[PDB]
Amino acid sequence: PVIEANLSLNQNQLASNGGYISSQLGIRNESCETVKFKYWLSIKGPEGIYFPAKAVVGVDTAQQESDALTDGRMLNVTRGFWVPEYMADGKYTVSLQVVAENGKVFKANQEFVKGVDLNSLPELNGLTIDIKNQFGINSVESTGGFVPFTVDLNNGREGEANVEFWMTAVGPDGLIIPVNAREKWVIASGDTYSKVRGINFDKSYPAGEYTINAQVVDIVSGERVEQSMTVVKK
């Protein structure tokens, strides 16, 4: 409630040769007192890519500086970034992030895609990957909870697909919790491999953000595609 952040991108679909995205950042203080904070814009992408929105002509020497907003006041700022051709095709998340002086974190995220269609299933050349938080459960209590995920791999290819599949939960304190062991499946042409797999968040697991991360590999082509979903343990 101290801060409300908002983000819009000028476009959300880029070709494989990349392009330029401009963004509008809004940070509003809806509180009764002045709020001091730091903020930045960062991008997460495929193949473990993380990069800041900011690019400099020479040596980056800046510090992460605070700003402050009087009660009822807002900041409206504009930022752009190039997405080079060399960066992996796939799904990217742009994240406006604000850390208030009191430690509260506020985020506003938007996605864009590069060389794949927007709102189209991640795929490995006709083998389509549909992994979903089954009941839309975005968080669990500190005392523990369980979250099931549906996994549907549709083989739209003319021939059979040989895939390897696994899942982990990448969490606070460097944790990488197994969710689904490595499995190898042979999927006939026109078949869909379906299963449901859940993770139990034991009471003892640390509070914070967990990325449920599914990886699918075509064992013949060696190509790999990921799907990530977030669950917060309160």
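Counting begins at 1, following the sequence as shown.
Enquirer: Comparing 178-186 with 37-45, which stretch shows the greater average C-alpha B-factor in the deposited entry?
Expert: Comparing 178-186 with 37-45, the higher average CA B-factor belongs to 178-186.
Enquirer: If you average the CA temperature factors over each stretch, which comes out higher, 218-226 or 12-20?
Expert: According to the entry, 218-226 carries the higher average C-alpha B-factor.
Enquirer: By the CA temperature factor listed in this entry, which of these ranks top: 69, 53, 56, 167?
Expert: When the deposited C-alpha B-factors of 69, 53, 56, 167 are compared, 69 is largest.
Enquirer: Tell me which of 137, 131, 74, 83 tops the list for C-alpha B factor in the record.
Expert: 74 has the highest C-alpha B-factor of those listed.
Enquirer: Which third, lowest, middle or highest, does the C-alpha temperature factor of residue 31 belong to within its own chain?
Expert: Answer is highest: the recorded C-alpha B-factor places it there.
Enquirer: Within this chain, which third does the Cα B-factor at residue 160 fall in: lowest, middle or highest?
Expert: For residue 160, whose C-alpha B-factor we compare with every modelled residue in the chain, the answer is the highest third.
Enquirer: Hey, what third does residue 62 fall into on Cα B-factor, ranked over its chain?
Expert: Its C-alpha B-factor, which the entry lists for residue 62, ranks in the highest third among residues of this chain.
Enquirer: Split the chain's modelled residues into thirds by Cα B-factor; is residue 115 in the lowest, middle or highest one?
Expert: Residue 115: CA B-factor falls in the middle third of its chain.
Enquirer: Considering only modelled residues of the same chain, in which third does the CA B-factor of residue 97 rank: lowest, middle or highest?
Expert: Lowest third of the chain for residue 97's C-alpha B-factor.
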